[PDB]
Every structure is written in structure tokens, then in C-alpha cells.
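[1] got a sequence here, can you build the structure:
(one chain, ligands or ions: 3)
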Amino acid sequence: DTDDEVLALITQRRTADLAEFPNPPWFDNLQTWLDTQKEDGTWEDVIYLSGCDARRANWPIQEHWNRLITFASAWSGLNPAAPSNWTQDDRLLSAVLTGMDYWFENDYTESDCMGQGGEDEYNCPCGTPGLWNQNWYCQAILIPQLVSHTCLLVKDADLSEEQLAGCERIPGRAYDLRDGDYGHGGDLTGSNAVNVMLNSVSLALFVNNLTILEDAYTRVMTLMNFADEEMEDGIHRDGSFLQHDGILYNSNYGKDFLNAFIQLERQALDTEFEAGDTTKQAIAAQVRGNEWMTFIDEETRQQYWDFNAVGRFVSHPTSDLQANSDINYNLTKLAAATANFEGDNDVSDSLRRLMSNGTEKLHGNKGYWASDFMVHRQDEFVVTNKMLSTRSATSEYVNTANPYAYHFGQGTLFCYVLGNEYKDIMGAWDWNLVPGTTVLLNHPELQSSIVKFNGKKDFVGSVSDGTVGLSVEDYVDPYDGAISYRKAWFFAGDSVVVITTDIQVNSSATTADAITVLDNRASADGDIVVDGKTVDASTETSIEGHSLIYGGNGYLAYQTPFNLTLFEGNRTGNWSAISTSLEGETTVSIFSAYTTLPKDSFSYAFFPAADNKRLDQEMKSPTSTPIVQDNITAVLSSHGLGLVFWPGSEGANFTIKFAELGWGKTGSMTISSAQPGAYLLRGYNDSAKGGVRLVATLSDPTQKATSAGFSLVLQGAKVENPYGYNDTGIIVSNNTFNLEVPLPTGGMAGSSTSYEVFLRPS
Ligand SMILES: *[C@@H]1O[C@H](CO)[C@@H](O)[C@H](O)[C@H]1NC(C)=O
Ligand SMILES: *[C@@H]1O[C@H](CO)[C@@H](O)[C@H](O)[C@H]1NC(C)=O
Ligand SMILES: *[C@@H]1O[C@H](CO)[C@@H](O)[C@H](O)[C@H]1NC(C)=O
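    Numbers count the residues shown, from 1 in each chain. Ligands and ions are numbered 1, 2, ... in the order given. See below for the structure:
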């Protein structure tokens, strides 16, 4: 056996791995499924419709292969959940062989049944004999996958020549068409190509062909490399997985990519097929990006995906076991696949925090530039925010699922303190009140035809330094332009300052009120509190106030008070009217609050996981101060200074005294930028050197500028370079510090970069 030892090792590993396909509950029906099998291999209670009579989606004939794979898993003795007395039992082997015979004998013969099946223009019209389906997916992926599993599980049994012919024919017909046309499928890309190559890996291990294995592994590892174009589907360098033109989708498509990588990497360890360096870098990036999208159910310890990375599955309940039901990948197998990861690729800490089941939480602030996404986490809450630019989309209406998701991705603000705030409330949900979004009330009329849209502006990004974050969104309504504004979020500590400026409402199209939705969650224990007064919102009630407290979260209004519209109680919706689900109707208790906005601008602050004492201290001593001024938005807080130069602010100035920041008793600072951009200014008081250590963070939201023009003008202070390097475009004089730096390009367009200087009170 020359060099087939690598093939045999990979075969052993994959055969032990493919034995895990059957659900552990399926092993109970071994005796029943064996006894109720007919003499021709079929079963009575299984639907064997083929051709133009079968069900296009979820072909019921696959139950046959499910039972065959269960038999084979029990027979091989590789699945630990199977009773040991069925190991090497000839009854299961004979049953599997008879089922394989039944399927192979009724295999179709016209190649046009692969994809264009049922089309009269091609050579497989309705009535052509054979086991095929009008759905191209059945002949390309599904049936080949099941066949590959069954054949690989019984590779060592004495198989007839017809059985081997079928085991090589059924997946080979799809593998031979890899660089060709699949009829309705056309060119297979991404998930379909990965599934085809995975089934081809199974086939190559069956027929003992190393060339097919080389080709399939090369193709798969190439498909999982970095995507560096705007909206380009794939793993980006920020850690986000895009699909369907900028729709964040780390929870479904990227999930399948990561599962395929886990499988292939664990199976091909220590061979000439283990992933290279580029693939491991991309996999580490995706693993880290997934961890920041994962929150915990504090009661059940089950981990989920954030509702901004789920897309159309938000309209499905968790019982349907879709992308929104779980993370849906084995953390132990992911740890085993990424053990050999070294250097900057090491993701051992991510896996440690994931498998800890909430005992180690993720602490910091992260900003995704390629998807306009930002996450702020403590050990006490998880806050997410997706924005809408020319490089992302809202949602999508696919396969009758998700028709009222127009407002998603248009400036959402989700909060996870318990882990069940938004669990399966989408049934009775009011889809016009998406938490965080600033929309016109019940505009437009939500329906299936109005769902997916791309942003119209480019100045939508985020700046962060790992601890504090500032996201910006030059927003315009994409469906009709009935509402436009500029909104920013400042993430620092347990507080989120939200400054909505430059509110525009096209009153010719509609006259609805411009509102900002604070939250739309499930009922939590406690009472609604407005200015310290309990409010009964069993019926939809309006009220004004400066503070709102419910479910452990606080909402503080600056200057102009709120104009709230509150509701708490049962709503009713139909799961089968928003998706293909069969759950029917649902009745859940929902608390929903949204304020009516003033005409020009409105600012407020959000304090998750806070109590009355924190909010009282804050209202009596605000640690933050929103500042709106001449196309510039600024946030003065104890943790630093957020600063937004919106488009049209070339040559403006923002002047702030050192005493307002807490740096020095005297002295001011005049800030000016050459081109629009987002900036962070954090100061640290140094008593030893007698001065202030300033850290300046910057980025480009448009992802189209190559250089920056940061300029500071100090009064009563002196700038001193600590490292003494002008290598970063730093111009240090007596009292002036200009920063001309090259911005990141390619896949890093829109990422942040920080620099240091030292100030001395003159
Ligand atoms: C042997 O297999 C049969 C068939 O399902 C099962 O009823 C029986 O419990 C098994 N015995 C043991 C010891 O697992
Ligand atoms: C392996 O597959 C390739 C591609 O179909 C083929 O060219 C080659 O002859 C095969 N090798 C063997 C030993 O069957
Ligand atoms: C991973 O798979 C093993 C074996 O089937 C199982 O015991 C374990 O619970 C799985 N882990 C998760 C997180 O599902």
C-alpha cells in the first residue's frame, strides 16, 4: 500500500465522523424499522413519489436513506450512542443492501433529469422513468450526500457489482459536472459548491482516488479565503460573513462554511491536505467574528446568534431548528479542528470562552467595517447595532419567509441581558417598531414586495479602539426617501449616547410622526417607571417624561423630554403567515415603547443592566454631554471624546477646553479635519510627567479615502512626541499637532488606527 496510507487515515476519520449523522433518538426504531421493511427494500409509511409528482422541497423519499444510515451507524459500531449488540449484525447489513438495491435499480438514465428535469424543452419531460425530482438540489447535493454516507459506512462489506456501480454513479454524476452547468442551478458557488465538494470527498474516499480528494480539498480551501471587495460574499477581514449582497449572515451560510471546515480539517490532520496559512487566517477571523455575535440564555445556558446576522430566519420560531435556533456547530469539534492554530491565528481563548457556558464572558467593544456592525459587551449585557450603507442591505423575503422585515439593518439597537428578550416574539411582533430604528410610524405599508433595499450613502461606518466605540450612519430611506437623518451611537462603559441630528421628513409622501423605538421586548417582571411614577400600559398609553425604567434597563432623555407611547400585554400573530412554519398562531406578552421626536434633533442615553441608584446619580450628575454643532456631532464623556465630521464639514472647527474633558485646569483645543471622518480622543492624566497622555483614534466611514487630515490647535499647552517618530505623518511644533496618515486600503478600508502624543500645560 503505497501512499494510500494517507487515504486510509482520512477514510477512517471520515467514516467515524459520518457515523454521527443519525439523531440519537432515531436509534430507538431499529427493530421497528427492520420489521416494517418490505421484501423489495421499501417501507409502507414512506412516500416514494418521483418525477413531476414528488414534493419539490424536502423530498419525503429521503426518510428511506435516513433509516438506512441509522442501520449502518448501528452496524459499524462507530457511533457511541448505538447499542453494542447491533455491531456487525447481518440483519442491518442485509436491510441496507436491499435499500441500496431498490434505489439503484430505479435510478434515472437521462442526464437532463439532473437539473432541467420536468422541462419539455430538454430530454427529461414529465413521465420520464427514474428516481428524480424537479428540484435540481435533489440530484446535485441531497441524494448524493445520503448515498455517499451509506456507501462509506459499508465500504468493507462484500458489495455486489451493481451496488458499487450505483455508489460510484450517484455522486460521480454531480462531481463530473463541477465546472459545468447544473440546469436550474447554473454555476454552483459558495454553499452549493462546498456541499458538492464534500460529497465528492466522500466519493473519493470510497473509490480510493487521491486526485479527486486533492481537487475537492483545493476547491474548498480556496472558497474559504478572504473576501476583500465591498459586498463580496465570503469571510471578510473584520470577521463578518456576507451573502446576498451585503446581508450579514454568519449564522447560516458562514455557519455551514465553518462546519465544512471543521469536518475537513479534523479529517485531514497531519497530511498534505491540511489547510494552509491563508485558510487558517480566514477561519480564525470568522471564529472571532462569530464569538462577538453570540449571546447566552442565562437560564438554559444555550448560546444563540444575534438577530442582525440571521436575515430571513427571524420569522421562524426556535422550534423549527433553523439558523436562529442555536449556534449549530460542535464546540468540541471546533476546538479539535483549531488546536494546531498558532501565532495570530490562535483562537484558543475564543473557544475557552465559548465552551465556558457564560462563566467567561466577552468584554470589550468591536466594530465591523465591511458590514456596518458594532457590538458592545460587558459581563452584564450585550448590545448590537447594524447600520445601512451602500455596502449592506436590510433583509430579504425568500421562500414565503419573512415579508415584514423592511426596517431591519436600518439602525437597530438590540440588548441582551437575560438572553430571551426577543426569543420567538416575532410572531405577535409589531414589525413597524424595530428596536433602535428611527422610522416613520407604520410607513411604508409593510408587505412582501417591500423588504430588501441597499443604502444610498457611503458615510456609514464606525471608529473604535477596543474599549470605546462610535458608529455613524448617514441615513436616507431607501424605498422612497420619505425620511432622512444623521444618527450616531457612542459606546463607552455601561452607557450608550444616541444623538439623532438633521431630521428630514418628506411631508408630500406621508405625514407620519418621526419616532425612535427604544425597545420592543417580551414582558419582564417589574413595572413601567416614568419620572418615578408607575404607568399602567395595559392599553396603548402616551406620556411624557425624562426617564424610563423597565426590565432592568434605563432610558434617560437630555433636555427635551420623551414623548412616549407605551404598551404591555398580549399580542397575537400567525407563524404560518410569515414563513413556511406550521406552528399556527401564538400569543406572547410584549412590552413596546417608542418616543415621538421633535422636529430637528433629539438625544438620549441608554443604561443596560442598571438600577434606580445609577440613574439617579446620572440625572443628578451626568457623565455624558451630547453636542450638536454645524454638521458635527460630538460626545463629551468621562471615558473620552467622540467626534463626528459629517459630510459638508470641510474646514469647520470644534473647540473644547481641557477642563471640560478632565485633562487640565486651563487650556483649550481647536480641532479641524480636512475630509469627513470619525475620531476618538481619549486622555489619560499623568502626574509623574505632569501632563496628559492623549490617544487619537481615526477611521474612514466611506472606505474610499486613502489619507487623513487630522489637525489640533492648542492654547496654553505644548505637544511632545513620546516615541520621537514622525514616521506616522506626525508634525509636532510648539503647540500644533497635525496628523497626515495613510488610511488602510483593500480589505481593511474602514478600520481604525490609533496614535499617541503627550501634552504639557504651559
Ligand atoms: C439488542 O437489540 C435489540 C433490537 O433493538 C434490542 O431490543 C435489545 O435491547 C438489544 N440488547 C442490548 C443488550 O442492547
Ligand atoms: C481519479 O479521478 C480523475 C478525475 O475524474 C481521473 O482523471 C483519474 O483517472 C481517477 N483515477 C483513478 C485511479 O481512477
Ligand atoms: C459534540 O458532540 C459530542 C459527541 O456527539 C457530544 O457529546 C457533545 O455534547 C457535542 N457538543 C455540543 C456543544 O453539542
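[2] give me phi/psi at the residue in the stretch 651-762 of the chain that ligand 3 sits nearest to?
    At 31.4 Å from ligand 3, residue 747 is the closest residue in the stretch 651-762 of the chain, using CB to the nearest ligand atom. For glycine as for every other residue, the C-beta is placed from the backbone atoms N, C-alpha and C. Main-chain torsions, residue 747, degrees, to the nearest 10: phi -70, psi -10.
[3] show the contacting residues for the nearest residue to it once chain neighbours are set aside.
    Leaving aside its sequence neighbours, residue 747 sits nearest to residue 228 (CB to CB, 6 or more residues apart in numbering; 3.4 Å). Residues in contact with residue 228 (CB atoms under 8 Å, 6 or more residues apart in numbering) are 236-237, 746-747.
[4] swap in residue 50?
    Counting by CB under 8 Å, 6+ apart, residue 50 has contacts 61, 106, 130-133.
[5] now do it against ligand 1, distance only.
    Distance, residue 50 to ligand 1, by CB to the nearest ligand atom, to the nearest Å: 31 Å.
[6] using the three-state scheme, assign the most centrally placed residue in the chain.
    Nearest to the geometric centre of the chain sits residue 309, at 2.8 Å (CA atoms, centre = their mean). Here residue 309 is coil, with the state taken from DSSP: H, G, I helix; E, B strand; the rest coil.
[7] now it: how far from residue 552?
    Residue 309 is 25 Å from residue 552, where distance means CB to CB, to the nearest Å.
[8] now do residue 55
    The value you get for residue 55 to residue 552, if CB to CB is used, is 47 Å.
[9] now for whichever residue of the stretch 451-600 of the chain sits closest to ligand 1: which residues touch it?
    Scanning the stretch 451-600 of the chain for proximity to ligand 1 using CB to the nearest ligand atom identifies residue 582 as nearest, at 31.2 Å. Contacts for residue 582 (CB under 8 Å, 6+ apart) come out as 575-576.
[10] so which bits of this structure are right by ligand 3?
    20, 330-332 (CB under 6 Å from any ligand atom).
[11] where does this protein come near ligand 1, residue by residue?
    30-31, 83, 85-86.
[12] mind running it again at 5 Å?
    Taking CB under 5 Å from any ligand atom as the measure of proximity, the chain contacts ligand 1 at 30-31, 83, 85.
[13] mind putting these into TSV with secondary structure and distance to residue 415?
    Shown next, in TSV, are the residues of the chain next to ligand 1 (DSSP: H, G, I helix; E, B strand; the rest coil; distance: CB to CB, whole Å):
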residue	secondary structure	distance to residue 415
30	helix	47
31	helix	50
83	coil	47
85	helix	52
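[14] buried ones only from those residues, please, as a PyMOL command.
    Applying 16 or more other CB atoms under 10 Å to the residues of the chain next to ligand 1, the buried members can be selected in PyMOL as follows:
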select buried, resi 30
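[15] contacting residues around the residue in the chain that ligand 3 sits nearest to?
    Going by CB to the nearest ligand atom, ligand 3 is nearest to residue 330 of the chain, at 3.8 Å. Residues in contact with residue 330 (CB under 8 Å, 6+ apart) are residue 262.
[16] the one 10 residues further on now?
    If you count contacts by CB under 8 Å, 6+ apart, residue 340 has them with 269, 274.
[17] out of the contacts of residue 50, who's nearest residue 454?
    Comparing the contacts of residue 50 against residue 454 with CB to CB places residue 133 closest, at 34.5 Å.
[18] and the nearest residue to the closest one once chain neighbours are set aside, helix, strand or coil?
    The shortest distance from residue 133 to any residue other than its chain neighbours is 5.0 Å, reached at residue 54 (CB to CB, 6+ apart). Assigned state for residue 54: coil (three-state reduction, three-state DSSP).
[19] what of residue 515?
    Residue 515 is classified as strand under three-state DSSP.
[20] that one and residue 437 touch, don't they?
    No: contact criterion CB atoms under 8 Å: residue 515 and residue 437 do not qualify, at 9.1 Å.
[21] give me the more crowded residue out of those two.
    residue 437 (23 against 20; other CB atoms under 10 Å).
[22] can you pull the contacts of that one?
    Applying CB under 8 Å, 6+ apart, the residues contacting residue 437 are 407, 410-413, 516-517.
[23] and the residues you listed, which of them are in strands?
    Per DSSP state E, strands hold the following members of the contacts of residue 437: 516-517.
[24] going by distance to ligand 1, which of the contacts of residue 437 wins?
    The closest of the contacts of residue 437, once distances to ligand 1 are taken by CB to the nearest ligand atom, is residue 412, at 50.7 Å.
[25] quick check, the residue in this protein closest to ligand 2?
    For the chain, CB to the nearest ligand atom, closest residue to ligand 2: residue 209, 3.8 Å.
[26] what about stretch 438-458, start to end distance?
    Start-to-end span of stretch 438-458 (CA to CA, to the nearest Å) is 19 Å.
[27] then stretch 443-463?
    Termini of stretch 443-463 sit 31 Å apart (CA to CA).
[28] ok now it, how far from the chain's centre?
    How far stretch 443-463 lies from its chain's middle: 17 Å, per CA atoms, centre = their mean, to the nearest Å.
[29] same question, stretch 216-232
    With CA atoms, centre = their mean, you get 18 Å for stretch 216-232.
[30] that one vs ligand 2: in contact?
    No: if you take CB under 5 Å from any ligand atom as the test, stretch 216-232 misses ligand 2, and the best it gets is 10.5 Å.
[31] and that stretch, what's buried?
    216-217, 219-221, 223-224, 226-227, 230-231.
[32] now swap in stretch 188-206 and tell me
    Neighbour counts over stretch 188-206 (16+ other CB under 10 Å) mark 188, 191-206 as buried.
[33] for ligand 2, tell me whether that stretch is touching it.
    No: counting by CB under 5 Å from any ligand atom, ligand 2 has no neighbours in stretch 188-206; the shortest distance is 7.6 Å.
[34] all strands of the stretch 351-500 of the chain, in order?
    364-368, 373-377, 382-386, 414-416, 438-440, 460-464, 469-476, 483-492, 495-505 (DSSP state E, counting those that start in this stretch).
[35] just say which of those is most tucked in.
    Neighbour counts (mean count of other CB atoms under 10 Å) averaged over each of the strands of the stretch 351-500 of the chain peak at strand 460-464, with a mean of 28.
[36] just give me how far the helix or strand harbouring residue 660 sits from the chain centre.
    Per DSSP states H and E, residue 660 falls inside helix 658-661. Put simply, helix 658-661 sits 39 Å off its chain's centre (CA atoms, centre = their mean).
[37] name the SS class of residue 197, please.
    helix.
[38] and the nearest residue to it once chain neighbours are set aside, what does it touch?
    Spatial nearest neighbour of residue 197, excluding adjacent residues (CB to CB, 6+ apart): residue 216 at 4.3 Å. Under the criterion of CB under 8 Å, 6+ apart, the neighbours of residue 216 are 197-198, 200-201, 204.
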